[PDB]
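Asker: Got a structure for you, questions after.
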Amino acid sequence: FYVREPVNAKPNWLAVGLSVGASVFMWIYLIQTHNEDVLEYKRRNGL
Amino acid sequence: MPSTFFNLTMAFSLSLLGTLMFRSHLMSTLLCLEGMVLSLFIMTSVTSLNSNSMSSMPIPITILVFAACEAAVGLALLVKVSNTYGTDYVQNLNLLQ
Amino acid sequence: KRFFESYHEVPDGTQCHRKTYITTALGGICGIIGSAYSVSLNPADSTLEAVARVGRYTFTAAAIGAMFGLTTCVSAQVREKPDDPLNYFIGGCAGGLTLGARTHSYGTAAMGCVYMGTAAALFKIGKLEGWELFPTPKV
Amino acid sequence: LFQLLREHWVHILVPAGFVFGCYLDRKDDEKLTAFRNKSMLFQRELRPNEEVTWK
Amino acid sequence: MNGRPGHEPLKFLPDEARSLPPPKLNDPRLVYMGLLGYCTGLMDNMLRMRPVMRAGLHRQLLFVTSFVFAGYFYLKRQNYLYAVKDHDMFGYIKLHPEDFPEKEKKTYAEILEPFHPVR
Amino acid sequence: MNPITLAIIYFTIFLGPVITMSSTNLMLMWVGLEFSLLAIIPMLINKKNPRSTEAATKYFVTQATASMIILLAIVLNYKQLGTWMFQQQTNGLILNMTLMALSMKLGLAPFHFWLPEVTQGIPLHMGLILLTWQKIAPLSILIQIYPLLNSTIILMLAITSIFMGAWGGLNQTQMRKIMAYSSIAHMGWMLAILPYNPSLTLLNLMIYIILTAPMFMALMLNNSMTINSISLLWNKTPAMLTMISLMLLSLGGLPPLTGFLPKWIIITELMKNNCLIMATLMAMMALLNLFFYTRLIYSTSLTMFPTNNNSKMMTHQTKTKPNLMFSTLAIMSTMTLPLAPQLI
Amino acid sequence: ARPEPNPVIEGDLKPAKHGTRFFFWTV
Amino acid sequence: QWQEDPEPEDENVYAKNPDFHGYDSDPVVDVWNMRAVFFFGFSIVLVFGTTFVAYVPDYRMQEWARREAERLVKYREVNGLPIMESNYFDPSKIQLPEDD
Amino acid sequence: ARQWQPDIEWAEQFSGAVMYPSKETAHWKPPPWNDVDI
Amino acid sequence: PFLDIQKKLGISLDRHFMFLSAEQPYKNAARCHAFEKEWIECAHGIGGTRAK
Amino acid sequence: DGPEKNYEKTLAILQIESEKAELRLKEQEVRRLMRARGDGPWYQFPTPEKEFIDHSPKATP
Amino acid sequence: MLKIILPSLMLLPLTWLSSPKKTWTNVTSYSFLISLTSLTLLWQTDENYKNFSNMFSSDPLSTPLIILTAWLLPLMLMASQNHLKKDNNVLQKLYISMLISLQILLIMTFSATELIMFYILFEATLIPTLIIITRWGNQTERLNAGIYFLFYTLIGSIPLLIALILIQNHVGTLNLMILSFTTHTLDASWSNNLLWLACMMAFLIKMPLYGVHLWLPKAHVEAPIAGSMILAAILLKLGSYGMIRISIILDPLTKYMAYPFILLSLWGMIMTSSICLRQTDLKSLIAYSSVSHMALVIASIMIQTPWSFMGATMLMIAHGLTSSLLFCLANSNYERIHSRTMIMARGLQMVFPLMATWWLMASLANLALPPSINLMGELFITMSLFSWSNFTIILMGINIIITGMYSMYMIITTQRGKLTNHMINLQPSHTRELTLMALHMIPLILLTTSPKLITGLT
Ligand SMILES: CCCCCCCCCCCCCCCCCC(=O)OC[C@H](COP(=O)(O)OCCN)OC(=O)CCCCCCCCCCCCCCCCC
Ligand SMILES: CCCCCCCCCCCCCCCCCC(=O)OC[C@H](COP(=O)(O)OCCN)OC(=O)CCCCCCCCCCCCCCCCC
């Protein structure tokens, strides 16, 4: 332990959920953008 | 008009030479600085007036409103200086060397 | 300004008088400017002292202008080869030497000679190869 | 299998680089495959049941 | 450039950039941005004096996944900008054809470059 | 500061550059410059130490006269063209005065003397705002007047700043003074390519901002305004010693790090435009800048300077976590040369 | 009469030729 | 005086670990840091490497050219052609500047 | 036997308000650490 | 300009009054309203390099 | 795999590098032309909006 | 060539992730194998050089080096396990990584198609080297040495940067392949006469020429053994590799723009060789030996005759291996003696029997004993130099006599004579010290059997 306890000893569970959850929103938008993109590219051009 | 504009412009340069050649008290400078704003205000107003460009008259005044505060800041610095040295001479402002 | 330019118009090694005069002026002009910055900042103690410094710098610079002009022109004269960086180098070589003397230092003459001469030589090459300085944007 | 404590976790780092390396160097070929067989000195005609000269 | 016809005054990537192929998510560059990111994360842990690799495993992810996210959408654009540059460049070469005529060099047989011997 | 005042000022210091950039009516560009002048002066004297009042009174006079000169250019234009904005036709002297006045605001080269003195005697945090955020508003005016400004004037302004900035750095040991002398040189590279490739002007700025902002938050992490002070970094916080090393060598142009790109593409653009005279001399004395950067490297990292006994006490109490962005821009600086094609 | 408007480069974008042609970036 | 440590002596690592191989102080690391260095150093680089380098075939074509010469010298001599004609690029192909 | 770490004297030079102090340039003594003058 | 937050937002706080031919109060045309118009409808679509 | 692979790979590398080189030079010529000509989409410097002209009676000729 | 490189990068993760006790063996064992993968590039069964991919290529000139660059990392990490074994477990993993990055960077520089890729990687190698010399340098003067090593290279470097960007505008690509198959013939103007100097000067500086070589004696003196090995074996040769690939362009000027350097080098060869004759610091003498034997190389990369270039490639690889061997054994004496002085430590063979055999073979490699690639190299440069002007044998003839004298003096006053009475008793030789040597010479014996591989492009 510590005479002056750490401010970080037990996790700031908000900081996990907006850090984890934010990243999983990034991917699901990113991967979506790509496949969506690929299509737009294919149809906009010949295929 | 061209002759008058020449005089006003040189007035601004004579005021320019003034603010770029200090001598003792700062309040002189700030005062000179203001001499330019008057010359700019007069020239802006003059051409706007003989171009009948009324859409631009707002500017001659915006120039003064901004210049007044600008000077307000300048004088508060000046008062701050003759509170820390009490003599307001550009001469003692050299600690930063 | 049509003046200074004249230096270049006449073939090098010819009409040294004009060359030396022009070169002397440029140096002197630089002298004035240099003294001015030297007096504006790092001011003097008395007006006279500063007038002197202006003079010193002006003359020294005028001298390094003259010898450069004279040496380069004559070197070309005597050597008979008008287009040769070496002429100028000898000139720059000399110019540096004058600076060295005015500053009463053999060492300065050393760096002065090499650095100054090299620079002048490059000017000759620059003119010979049509190098462009401060060029307009042509992208 | 990836025994830990630097048991196979680490020992397999460099080796793996090699494989990845070879995976790229054989992929670079795939890109630079124009003139596949269109070069003059080596322009043979495809032998029966052979897809391409050099892969 | 700007002033170019149709310029979108404040847009990131005009829809015209749809026509271009999307950046492969594993494009070496986006993968670099990923590593660039992981390192930012690791560096942070270090400057803040935390176990370097065993800490902030959530942050590690935010970093590797923020940088990468940024990449795809940036590269997507920079890719467009470069593509506009050709559209623009190639077009001009034609619209003003005379200025960029197609030279026709001579087979070496004809040209006679001088030979400096080493001896 | 009554938090309300803090907001009003900070808003102005931020509305100041933004109005400049957004507007086209030059007048509105001038007042954007004016608001920046008014907002920065209060923060500069926050300690209100005797050095500070000197700083602000200089900064203000230098800023004010330049502001008046910029206004005169706009006033003159108004009579040479009814427009309130510079045009192809603009008299050359009109643009030259504008060029001199804004360089005065940026402290680019001949007026470089005010920037080191003003930077000394103001807190490091405000110093960062002064060197980076304040600088963007003047250059935005210049990027707009890119085609009009004359090539010879800024080329010499640029060469002068490289020379003065480098020389100033070797003699100065005051860390904040050193930060100012690099910004004068970096500003010289930015204007050198201004009449040529503005995109590169901007790039040479962002990279300077992404380099200087981490460097200063490093200087303050331990609030060291002395090299001797930054040299004991090894005891106060050892990790930042590695990146402080690379960021400073990045600030100078050494090739593996991100800092080479701005110099490299500026040189490529100047040679494309044929200034192989000017570009060469700039690159050469640019090398002088690295000498003073590496001299600091020596003191802070490559060699361990002796420390006082009380330093053990500061190690004991928990250290202030450096900012989240210090880490991201530290890797963004020093490690993005492989991403150079997309940056330009 | 006003001056003719300058021509309009026309067509559709195609991935840049050989990509970024920065020194040594096969990209 | 400014506080600083007294000169550290260099240990005779050969006093303990009398089998010291020069790599590390504790004995097992040393043994396993030479059993892997002589091996990967000598046993499979100087040996397997030299084996492979020795078997690189006709390096830079100099094994091919000593035959191609032999059939060219065989062919040129029997057909009576000069063994190394004196112009290589045929004169007919060349279009010499006509005037000069 | 010890890579030479810098002693006090090597450190001394870096003090002073200017690294290369010339005539009438050594007069300058370092600015107060607190950034406040007497 | 450098950051066109005005065109984007569609607002026109700074463009309505940049030239002498802009809307003058009470429709009091200024001197030259005729020319500047003829100058700037000419140089519209033609860039500066060719507005010069 | 063979002599064939490097020979054909090296020719492909040269074609990409030759074509990149010709284009880089043509850029510099096109960019010289549009700057001075001002007849191309690049280097089209702005002049004030025609949009804000007041085309009205204005109680004056 | 990404197996010689990617697996290399991965070394860095291994030096960091691995256990403090096992960090040394994982790194040294793995890079020995990294060298084995490097040997695959030697399989050239045809003249067509190997263009692995757009940016990465390996031709006869680079291949003999890439293998040496990969080979020394193992050795460098074996020669610095002693000093650097007194560190904190995070200073080591930094030194090991620094050494690893040098060959990653050097492997790429020697295996780079675009000349500016050479420049960026070329001048990057200074960062790792300056850290190795300054951070771990024993003497008070390494701060100074580091400055000299950074400025002499840097002031030369920016002219090359301007020159290469210049040719890219003049020709349109810095790709060594194309630049070779394209017509770039300088026109003997005054300006070109400057271009040529701009391109060659940066390479001539790190290849110590007589005029600018003061950086190398100062740098190797205080540099740690691993840094001194890298500077002599791979770092200096970066300058030679550059001169071979850059003079493909600037073809006409070097015919007459070389005289200045050629004479600077051959007279330089004599004076640098001679001052070796009375220099008290052994590391000092090896460094000037390195300047003289590298002055021969700049005098063969400028005469430009097939044999010169072939002699140069032979000597550079050979002298690289020999110099390190000499710098490595100098360190073994330095660590037990604790002083660089040559006069102390006399008679070692009496107490270190084998190290003396390694000393003898290293010296015979240093001087030109004939069944050695070292001699073949000099014999060839000597021949061409003679062709350039029959008089050259006089100056390249005073160097051979002097080279014999200092090479044997190092053996005679360090490894013979009566033993020093009682210096700190000299502990016996470690097996690492001896292998680090054996690893240098066994390859020197094997390469001498088949010189064709290091024969150059010509
Ligand atoms: C192009 C390559 C250029 C050269 C790259 C390699 C050199 C980079 C420049 C290094 C500059 C600084 C050199 C001196 C640094 C001294 C650092 C030091 O003394 O260590 C203490 C520091 C903090 O310690 P801590 O991690 O908290 O744990 C121990 C607590 N005492 O712990 C540390 O600082 C050491 C660990 C730092 C983080 C790891 C960095 C390791 C080096 C990674 C090199 C990657 C090279 C990649 C090359 C690619 C080439 C294409
Ligand atoms: C590669 C570039 C440089 C790299 C340097 C560092 C590399 C280290 C890692 C790799 C080490 C192994 C690779 C390098 C050695 C290659 C050995 C080799 O190539 O042997 C070839 C030889 C076959 O002979 P070959 O030349 O093919 O036949 C000629 C036909 N006209 O096959 C053999 O005969 C093998 C014979 C083994 C034992 C030979 C001993 C002979 C000694 C003769 C000289 C003795 C006196 C030497 C005096 C030296 C004085 C210093």
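Residues in the structure tokens are numbered from 1 in each chain, the chains being A, B, ... in the order shown, and ligands are numbered from 1 in the order shown.
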Do me a favour and pick out the residues of chain G within 10 Å of chain J, using only C-alpha atoms, as a VMD selection string.

Answerer: chain G and resid 1 to 7

Asker: Would you mind exporting the chosen residues as a compact mmCIF listing (two decimals), in the first residue's frame, restricted to N, CA, C and O atoms?

Answerer:
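Final output, saved to again-v5.txt:
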```
# COMPACT_ATOMS: atom_id res chain seq x y z
N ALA G 1 -16.30 42.55 -75.08
CA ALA G 1 -16.71 41.21 -74.70
C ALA G 1 -15.78 40.66 -73.64
O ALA G 1 -14.58 40.89 -73.67
N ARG G 2 -16.34 39.91 -72.71
CA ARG G 2 -15.54 39.34 -71.65
C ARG G 2 -14.55 38.36 -72.24
O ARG G 2 -14.75 37.88 -73.35
N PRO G 3 -13.47 38.06 -71.51
CA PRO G 3 -12.49 37.09 -71.99
C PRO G 3 -12.98 35.65 -71.88
O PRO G 3 -13.52 35.27 -70.85
N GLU G 4 -12.79 34.85 -72.94
CA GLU G 4 -13.19 33.42 -72.93
C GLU G 4 -12.75 32.75 -71.63
O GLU G 4 -11.63 33.01 -71.18
N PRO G 5 -13.58 31.88 -71.03
CA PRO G 5 -13.21 31.18 -69.80
C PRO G 5 -12.15 30.14 -70.18
O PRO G 5 -12.14 29.69 -71.31
N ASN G 6 -11.22 29.89 -69.27
CA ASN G 6 -10.14 28.94 -69.59
C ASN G 6 -10.65 27.53 -69.64
O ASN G 6 -11.64 27.22 -68.99
N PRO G 7 -10.01 26.68 -70.44
CA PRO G 7 -10.56 25.34 -70.62
C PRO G 7 -10.74 24.49 -69.40
O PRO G 7 -10.13 24.76 -68.37
```

Asker: When the cut-off is 8 Å and you count only C-alpha atoms and all ligand atoms, which residues lie near ligand 2, shown as an mmCIF file with C-alpha atoms, in the first residue's frame?

Answerer:
```
data_model
loop_
_atom_site.group_PDB
_atom_site.id
_atom_site.type_symbol
_atom_site.label_atom_id
_atom_site.label_comp_id
_atom_site.auth_asym_id
_atom_site.auth_seq_id
_atom_site.Cartn_x
_atom_site.Cartn_y
_atom_site.Cartn_z
ATOM 1 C CA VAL H 45 28.273 -20.630 -40.643
ATOM 2 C CA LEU H 46 31.926 -21.227 -41.418
ATOM 3 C CA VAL H 47 31.034 -24.811 -42.413
ATOM 4 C CA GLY H 49 28.197 -21.311 -45.315
ATOM 5 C CA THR H 50 31.459 -22.291 -46.994
ATOM 6 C CA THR H 51 29.760 -25.461 -48.231
ATOM 7 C CA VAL H 53 29.296 -20.657 -51.176
ATOM 8 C CA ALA H 54 31.632 -23.306 -52.648
ATOM 9 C CA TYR H 55 28.675 -24.891 -54.479
ATOM 10 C CA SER L 35 24.499 -13.848 -41.643
ATOM 11 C CA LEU L 36 23.727 -17.346 -43.046
ATOM 12 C CA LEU L 39 25.008 -15.717 -47.823
ATOM 13 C CA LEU L 42 26.107 -14.645 -53.173
ATOM 14 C CA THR L 63 26.852 -8.175 -51.927
ATOM 15 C CA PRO L 64 30.335 -8.667 -50.593
ATOM 16 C CA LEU L 65 29.617 -5.985 -48.039
ATOM 17 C CA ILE L 66 26.023 -6.741 -46.948
ATOM 18 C CA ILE L 67 27.447 -10.141 -45.840
ATOM 19 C CA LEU L 68 30.304 -8.411 -43.921
ATOM 20 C CA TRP L 71 28.771 -10.836 -40.059
ATOM 21 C CA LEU L 72 30.222 -8.122 -37.778
ATOM 22 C CA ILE L 317 36.483 -6.148 -47.675
ATOM 23 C CA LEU L 321 38.211 -7.652 -41.651
ATOM 24 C CA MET L 361 48.489 -13.196 -38.598
ATOM 25 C CA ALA L 362 46.673 -9.839 -38.240
ATOM 26 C CA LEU L 364 50.843 -10.173 -41.852
ATOM 27 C CA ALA L 365 47.340 -9.337 -43.209
ATOM 28 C CA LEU L 369 52.057 -11.086 -47.299
ATOM 29 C CA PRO L 370 51.205 -12.755 -50.683
ATOM 30 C CA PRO L 371 48.681 -15.660 -50.280
ATOM 31 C CA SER L 372 46.246 -13.084 -48.813
ATOM 32 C CA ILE L 373 43.459 -11.053 -50.502
ATOM 33 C CA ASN L 374 45.054 -8.011 -48.807
ATOM 34 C CA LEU L 439 35.793 -15.306 -36.270
ATOM 35 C CA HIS L 440 37.656 -12.413 -37.968
ATOM 36 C CA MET L 441 40.583 -14.465 -39.444
ATOM 37 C CA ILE L 442 38.883 -17.803 -40.350
ATOM 38 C CA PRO L 443 36.782 -15.813 -42.924
ATOM 39 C CA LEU L 444 39.988 -14.017 -44.063
ATOM 40 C CA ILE L 445 41.560 -17.463 -44.723
ATOM 41 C CA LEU L 446 38.392 -18.763 -46.494
ATOM 42 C CA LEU L 447 37.923 -15.668 -48.730
ATOM 43 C CA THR L 448 41.615 -15.830 -49.798
ATOM 44 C CA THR L 449 40.931 -19.356 -51.181
ATOM 45 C CA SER L 450 38.362 -18.018 -53.715
ATOM 46 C CA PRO L 451 38.945 -14.256 -54.289
ATOM 47 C CA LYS L 452 36.348 -14.121 -57.121
ATOM 48 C CA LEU L 453 33.396 -13.406 -54.770
ATOM 49 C CA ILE L 454 34.765 -10.047 -53.475
#
```

Asker: Mind listing the helix (DSSP H, G or I) residues of chain B, per DSSP on the backbone, as a ChimeraX atom specification?

Answerer: /B:2-19,26-50,54-56,58-84,90-92

Asker: Residues at most 6 Å from segment 18-34 of chain D, counting only C-alpha atoms, excluding those fewer than 3 positions away in the same chain, as number ranges by chain?

Answerer: D: 15; K: 9, 12; L: 2-3, 6-7

Asker: Generate a file of the selected residues that holds N, CA and C atoms, formatted as a PDB file, in the first residue's frame.

Answerer:
```pdb
ATOM      1  N   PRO D  15      12.876 -15.791 -36.118  1.00  0.00           N
ATOM      2  CA  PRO D  15      12.571 -16.720 -37.194  1.00  0.00           C
ATOM      3  C   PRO D  15      11.354 -16.242 -37.944  1.00  0.00           C
TER       4      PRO D  15
ATOM      5  N   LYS K   9      12.001  -9.341 -64.021  1.00  0.00           N
ATOM      6  CA  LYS K   9      11.709  -8.420 -62.896  1.00  0.00           C
ATOM      7  C   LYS K   9      12.473  -7.117 -63.105  1.00  0.00           C
ATOM      8  N   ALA K  12      10.784  -4.956 -65.530  1.00  0.00           N
ATOM      9  CA  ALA K  12       9.564  -4.315 -65.005  1.00  0.00           C
ATOM     10  C   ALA K  12       9.936  -3.140 -64.102  1.00  0.00           C
TER      11      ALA K  12
ATOM     12  N   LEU L   2      14.663  -8.740 -47.945  1.00  0.00           N
ATOM     13  CA  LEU L   2      14.042  -8.345 -46.715  1.00  0.00           C
ATOM     14  C   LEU L   2      14.215  -9.445 -45.674  1.00  0.00           C
ATOM     15  N   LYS L   3      15.067 -10.431 -45.938  1.00  0.00           N
ATOM     16  CA  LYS L   3      15.328 -11.474 -44.952  1.00  0.00           C
ATOM     17  C   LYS L   3      16.600 -11.115 -44.306  1.00  0.00           C
ATOM     18  N   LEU L   6      14.378  -7.846 -42.571  1.00  0.00           N
ATOM     19  CA  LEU L   6      13.278  -7.952 -41.627  1.00  0.00           C
ATOM     20  C   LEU L   6      13.711  -8.802 -40.469  1.00  0.00           C
ATOM     21  N   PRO L   7      14.273  -9.970 -40.737  1.00  0.00           N
ATOM     22  CA  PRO L   7      14.704 -10.706 -39.561  1.00  0.00           C
ATOM     23  C   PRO L   7      15.621  -9.873 -38.698  1.00  0.00           C
TER      24      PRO L   7
END
```

Asker: Need to verify the contact set: segment 62-73 of chain B, 9 Å, only C-alpha atoms, exclusion of same-chain residues closer than 4 positions in sequence. Can you return it as a VMD selection string?

Answerer: (chain B and resid 30 to 31 33 to 34 37 to 38 40 to 41 57 to 58 77 to 78) or (chain F and resid 27 31 34 to 35 37 to 38 41 to 42 60 64 71)

Asker: By how many Å are atom CA of residue 171 of chain F and atom CA of residue 17 of chain I apart?

Answerer: 8.5 Å
